[PDB]
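*Asks:* Protein chains in written order, with the deposited numbering: chain A, 1 to 122, 133 to 181; chain A', 1 to 122, 133 to 181. A prime marks a further copy of an entry chain.
Think of the CB as a built atom: it goes at the ideal place given N, C-alpha and C, for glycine as much as any other residue.
There are 2 protein chains.
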Amino acid sequence: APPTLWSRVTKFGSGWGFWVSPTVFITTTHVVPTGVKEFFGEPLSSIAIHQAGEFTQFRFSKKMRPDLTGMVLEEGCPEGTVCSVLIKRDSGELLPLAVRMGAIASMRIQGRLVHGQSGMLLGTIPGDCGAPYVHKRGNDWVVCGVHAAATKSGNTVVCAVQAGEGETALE
Amino acid sequence: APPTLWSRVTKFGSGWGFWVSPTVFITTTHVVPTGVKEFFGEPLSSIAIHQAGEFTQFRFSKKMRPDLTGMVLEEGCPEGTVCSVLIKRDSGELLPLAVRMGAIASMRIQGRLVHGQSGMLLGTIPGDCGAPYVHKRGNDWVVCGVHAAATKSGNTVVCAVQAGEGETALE
Ligand SMILES: [Cl-]
Ligand SMILES: [Cl-]
Ligand SMILES: [Mg+2]
Ligand SMILES: [Mg+2]
């Protein structure tokens, strides 16, 4: 993952977010700060907030990261796809974790129903929630989810994915 | 998978079941015939029926398959384990399907909450529900689930697993 791709990973609330484009920001729902009246200096009313389960997407009415190109955001990825979780730590440390993705489905995790995709790490911490799952397609990168959960032990993680009905996912 | 292992796969209700031992039979809950007053000629009262979600286990008070040895039944298997789904078709055809197992979790599938493990086929049909997921450990085979679901397209399947709390599963 190149420097510019990492610059998209942003500290947000109790976790992190990812700039898909100059105006689009995605993150995990449970890290989004409520009680606030604005995000990155933009009033809530000037933002289109779409939240589906643990997947949250913000569309600002103003270019927040005009330096970035738009990049492709898909709903999860095919079974077996080896992604990379672009985890940033508060210290600044980068911890890219390779993971082979599994099935997409709605899973009951810690009481809440999470629509995402699990995967097997090839460790994560609570504060990592929001980190983007990415993978390379040709010479460009694609983001397909945001870190939403991990098992206590073992090597299982889950990235929440955007809403969407498909035949490849467990409905 | 040897002949004796396949002889454990038994037609049951709208699907199939698996003889773990002379007295233990496991199958998928939604294939179990209700309204009946007995199973394999044994009155319901003489059977200990344990059903947890889509996982059902029968313990008969009498040896039904005294020809079989007991074999190991575990709750799912480690991420990445390549299992084999011992699918039998009504015609008699054997269709062993290789699948690399994924995460264990409670998934909302077709309205119902299924506690199982998904996997990627390396196709199944409704009537296959109940087929055992098995894998070889040393010189012996181990069963760790029963077919409970499959995606419309793609290569995703799910085997229901017995109840049990663990740190490697998404709780
Ligand atoms: Cl950066
Ligand atoms: Cl047989
Ligand atoms: Mg997986
Ligand atoms: Mg899988």
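1. Would you mind reading off the limits of the beta strand (DSSP E) that contains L95(A')?
2. Determine whether the Cβ of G80(A) lies closer than 9 angstroms to any Cβ atom of chain A'.
3. When you compare the CB of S84(A') with every CB in chain A, is at least one pair closer than 9 angstroms?
4. How far does the beta strand (DSSP E) with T27(A') in it extend, from its first residue to its last?
5. Just reading off the beta strand (DSSP E) that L86(A') is part of, what are its end residues?
6. Helix, strand or coil for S61(A'), going by three-state DSSP, please let me know.
7. Tell me, please, which residues DSSP counts as bridged to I49(A').
8. What in chain A is Cβ-close to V168(A'), meaning under 9 angstroms?
9. Of all residues in the structure, which have a C-beta closer than 6 angstroms to any heavy atom of ligand 2, taken in chain order?
10. Just reading off the alpha helix (DSSP H) that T161(A) is part of, what are its end residues?
11. Do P142(A') and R8(A') have their beta-carbon atoms positioned less than 9 angstroms apart in this structure?
12. Using only the alpha-carbon positions, how far apart do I135(A') and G17(A') sit?
13. Is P3(A) near ligand 1, going by C-beta to nearest heavy atom under 8 angstroms?
14. Please classify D67(A'): does DSSP put it in a helix, a strand, or coil?
15. Quick check: does the Cβ of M120(A) come within less than 8 angstroms of any heavy atom belonging to ligand 3?
16. Measuring from the CB of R100(A), is there a heavy atom of ligand 3 at a distance below 8 angstroms?
17. Looking at the structure shown, is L113(A') part of a helix, part of a strand, or coil, going by DSSP?
18. Give, in chain order, every residue of the segment 146-162 of chain A' whose Cβ lies closer than 7 angstroms to some Cβ of chain A.
19. Let me make sure I understand the geometry here. Which of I87(A'), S45(A') and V31(A') has the alpha-carbon closest to that of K37(A')?
20. Taking 9 angstroms as the CB-CB limit, is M71(A) close to chain A'?
21. Please check if any C-beta of chain A sits within less than 9 angstroms of the C-beta of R112(A').
22. Please state the DSSP three-state secondary structure of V171(A).
23. Would a check of beta-carbon distances place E75(A) closer than 9 angstroms to chain A'?
24. Using the rule of at least 16 other Cβ atoms within 10 Å of the residue's Cβ for burial, across every protein chain shown, is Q172(A) buried or exposed?
25. Just to make sure I have the definition right: I need the residues of chain A whose C-beta is within less than 8 angstroms of the C-beta of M120(A'). Which are they?
26. Does any CB atom of chain A' fall closer than 9 angstroms to the CB of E54(A)?
27. Indicate whether at least one CB of chain A' lies closer than 9 angstroms to the CB of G164(A).
28. What number of angstroms, rounded off, separates the C-alpha of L68(A) from the C-alpha of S84(A)?
29. Considering only the alpha carbon of each residue, which of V82(A'), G174(A') and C154(A') lies closest to residue 183(A')?
30. On the DSSP letters alone, give me the boundaries of the beta strand (DSSP E) that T4(A) sits inside.
*Replies:* According to the structure data:
1. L94 to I109
2. yes
3. no
4. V24 to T28
5. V82 to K88
6. coil
7. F58(A')
8. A103, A105 and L180
9. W6(A') and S7(A')
10. That residue, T161(A), is in no alpha helix (DSSP H); it is neither H nor E in DSSP.
11. yes
12. 15 angstroms
13. yes
14. coil
15. yes
16. yes
17. strand
18. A159, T161 and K162
19. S45(A')
20. no
21. no
22. coil
23. no
24. buried
25. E79, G80, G102 and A103
26. no
27. yes
28. 20 angstroms
29. The shown model of chain A', from 1 to 181, leaves out residue 183(A'), and the question about it has no answer.
30. First-last for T4(A): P3 to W6, but that is the alpha helix (DSSP H), not the beta strand (DSSP E).
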